[PDB]
Ligand SMILES: O=C(O)CNC(=O)C(=O)O
Ligand SMILES: [Mg+2]
Ligand code: NI
Ligand SMILES: [Zn+2]
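Residue numbers (PDB author numbering): 11 to 341.
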C-alpha cells in the first residue's frame with residue numbers, strides 16, 4: 011500500500027507531465043497521494059497562470075464577509091457578517107491597514123502560534139466565493155476554468171445526462187481569514203491555485219480517518235450536533251492542532267505559497283488560514299474514483315448548508331433515497 015502513514019505529498023511535474031490533467035491526478039493517486047487528503051503540486055518552471063496581476067484592482071467583492079468568532083481559542087465557531095461592497099484595490103488597502111495587517115513574525119511556525127493564540131479576538135474580512143477566473147484564456151495546462159466538468163464525468167461513468175454547470179471561484183484573503191473544517195460538496199475533489207500574495211496554511215485529516223474528526227466535532231459542538239447530523243457541512247467550526255493532538259486525531263499540515271496548487275481528495279477534511287493579503291482560485295472536480303464517495307456522502311437537510319444549483323442532480327442520481335429530505339432542506 012503506497013503512503014501508508016498518509017503523509018502530504020509534494021509533486022514537481024515536468025512540462026510534459028503537465029499536459030494531461032486527468033492522467034497526472036491518476037498518477038498522484040498511484041503513489042498514494044490521496045491517502046493524506048491533500049497534495050501540493052509545484053508547476054513546471056516554464057508555466058504561468060497569466061502574464062501579470064497588475065490589473066486586478068477593479069474586480070468587485072460584492073459581499074465581503076466579516077468572520078466573527080465565538081468560543082475558546084482552540085475550539086470556536088465563526089459566523090459571516092455581510093459588509094458593503096468594495097473593489098479588490100479597496101480590500102487590499104484594508105488588508106494592509108494597521109487594524110488588519112499581518113504582525114511581525116519570525117517564520118511560518120511563529121505566525122501559526124500567533125494565529126491560534128489570537129484569532130478569536132479579531133474579526134478579519136474575507137472576499138470569498140466570487141464566481142470568476144484569473145487564468146489567461148491562452149493558458150492551456152491546469153487552467154481551472156477549462157477543466158472537464160463534473161456533469162460530464164457523471165455522464166461518462168454512469169451514462170446519465172444531467173443539468174448543471176461547474177465554474178471556478180476567487181477568494182481574496184487577509185491575515186487571519188479562516189476556512190472552517192469541511193469536506194467538499196458531495197465529497198468531491200477540489201483544486202486551489204494561490205495566484206498572488208501571502209501564504210495559506212492548511213490542515214487535513216486522512217479520508218480513512220474522517221469519522222474520527224466527526225466524532226470529536228460532535229463532542230466539542232454538542233448543540234450544533236443535535237441540530238444537524240452533518241453540521242460540518244455548515245462550514246463554521248474550528249478545532250486547533252493542539253486540540254486535535256490532545257484527542258488523538260490523525261492530521262497533517264502544510265503551507266501553500268503563491269504559484270502553487272493544492273488538491274483536496276474525496277472525504278479529506280480540511281481547514282486553514284491566510285497569512286496576509288492574497289488571492290486564490292478554486293473549483294471542484296471529479297474522477298472515476300469519486301463516484302463511490304459521492305454515493306456515500308453525508309448530507310445537511312436542516313436548512314443551514316444551502317448550496318449550488320448543480321448539487322441537485324448529484325443527490326438525485328447518486329442518492330435517490332435521500333433526495334426528498336435533502337430537497338426539503340434546500341426549500
Ligand atoms: O481557500 C479557501 O478559503 C478555502 N478553499 C478550500 O476549501 C478548497 O480549495 O477546497
Ligand atoms: Mg480590475
Ligand atoms: Ni475546501
Ligand atoms: Zn445542517
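The beta carbon of each residue, even a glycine, is placed where N, CA and C say it ideally should be.
If you ignore the 5 residues before and after residue 300, its C-beta comes within less than 7 Å of the C-beta of 198, 199 and 276, all in its own chain and listed in chain order.
The residue among 64, 134, 108 and 62 with its C-alpha nearest the C-alpha of residue 189 is 134. Around the CB of residue 120, fewer than 16 other CB atoms lie within 10 Å, so the residue is classed as exposed. Contact between the region 237-251 and the region 146-164 is absent: fewer than three C-beta pairs spanning the two stretches fall below 8 Å.
Out of 41, 85 and 73, the CA that lies nearest to the CA of residue 255 is found in 85. Residue list for ligand 2: 65, 66, 67, 68, 69 and 98 (CB closer than 7 Å to any heavy atom, chain order).
Cβ-Cβ distances below 7 Å link residue 313 to 339 in the same chain, with the five nearest sequence neighbours on each side left out; the list follows chain order. Counting the other Cβ atoms within 10 Å of the Cβ of residue 77 gives 16 or more, which makes it buried. Leaving aside the five residues that flank residue 54 on each side, the residues in its chain whose CB is nearer than 7 Å to its CB run, in chain order, 23, 24, 25 and 28.
Here residue 47 is buried. Its C-beta has 16 or more other C-beta atoms within 10 Å.
A direct Cα-to-Cα measurement between residue 160 and residue 40 gives close to 22 Å.
Ligand 1 approaches residue 210 closely enough that one of its heavy atoms is under 7 Å from the residue's Cβ.
Around ligand 3, the residues whose beta-carbon falls short of 6 Å from at least one of its heavy atoms are 192, 194, 200, 274 and 280, given in chain order.
Under the DSSP definition of a beta bridge, residue 291 partners with 180 and 203.
Set against 7 Å, the gap from the CB of residue 59 to the closest heavy atom of ligand 1 is not smaller. Partner residues in a beta bridge of residue 43, as assigned by DSSP, do not exist.
Residue 14 sits exposed, since fewer than 16 C-beta atoms from the chains shown fall within 10 Å of its C-beta. CA-to-CA, the gap between residue 336 and residue 221 works out to about 21 Å.
Excluding the 5 residues flanking it on each side, residue 96 has same chain C-beta neighbours closer than 7 Å at 71 and 74, in chain order.
Between the alpha carbons of residue 311 and residue 44 lies a gap of roughly 28 Å.
Residue 67 sits in coil when the DSSP states are folded into three classes, being neither helix nor strand.
Residue 202 and residue 303 have their C-alpha atoms roughly 20 Å apart. Selection 205, 195 and 209 evaluated against residue 187 yields 209 as nearest (Cα-Cα).
As the crow flies, the alpha-carbon of residue 99 is around 14 Å from that of residue 136. Assignment of beta-bridge partners to residue 327 by DSSP yields no partner.
Restricting attention to 217, 295 and 270, the CA atom closest to the CA of residue 211 is found in 270. Counting of Cβ neighbours within 10 angstroms places residue 195 among the buried residues, the total reaching 16 or more.
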